[PDB]
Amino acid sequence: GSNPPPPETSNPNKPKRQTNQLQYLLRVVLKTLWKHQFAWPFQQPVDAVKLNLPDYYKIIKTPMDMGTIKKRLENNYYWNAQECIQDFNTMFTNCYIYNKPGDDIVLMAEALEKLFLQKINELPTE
């Protein structure tokens, strides 16, 4: 097992901008998920070598983590909040795909996902 390159956090070929919604996603949504007790497995790309997970990138082809999401928001990688929201969902979904119902990591992802959904219920309109 080697690790694949991490997801891009910059791209000259990809339209990007700042929005009010994206700023909230960084300052309020991301920051509250990042500081939760259960953030730690999701703060960086999965290191399948150091975690001894040789099948991780056999199963998961569109990997995502909050480290990547944070650097994207900070770099203004996104065109809109929906793209950023989709990266969160990919993150959660990957966890639920690779693992099983009730697994410790799954229960952590579910808890972060609940909090995420709450927080983005307060997302401004443009």
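Here the rigid core means the biggest group of C-alpha atoms that line up within 1.5 Å when the two forms are laid on top of each other. In case it trips you up, residue 1 is the first one in the sequence shown, and so on.
Novice: Relative to this form, superposed by the core, which stretch has the greater CA RMS in 7 other deposited structures of this protein: 103-111 or 13-21?
Specialist: Larger mean C-alpha displacement, comparing 103-111 and 13-21 in 7 other deposited structures of this protein, is found in 13-21.
Novice: For the stretches 52-60 and 32-40, which has the higher mean C-alpha B-factor as given in the deposited record?
Specialist: Averaging CA B-factors over each stretch, the winner is 32-40.
Novice: Which is higher on average in the deposited entry, the C-alpha temperature factors of 10-18 or of 102-110?
Specialist: Going by the record's values, the stretch with the higher mean is 10-18.
Novice: Taking the values exactly as deposited, rank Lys71 by C-alpha B-factor within its chain and report the matching third: lowest, middle or highest.
Specialist: Its C-alpha B-factor, which the entry lists for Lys71, ranks in the middle third among residues of this chain.
Novice: How does the C-alpha B factor of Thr90 compare with the rest of the chain: lowest, middle or highest third?
Specialist: For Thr90, whose C-alpha B-factor we compare with every modelled residue in the chain, the answer is the lowest third.
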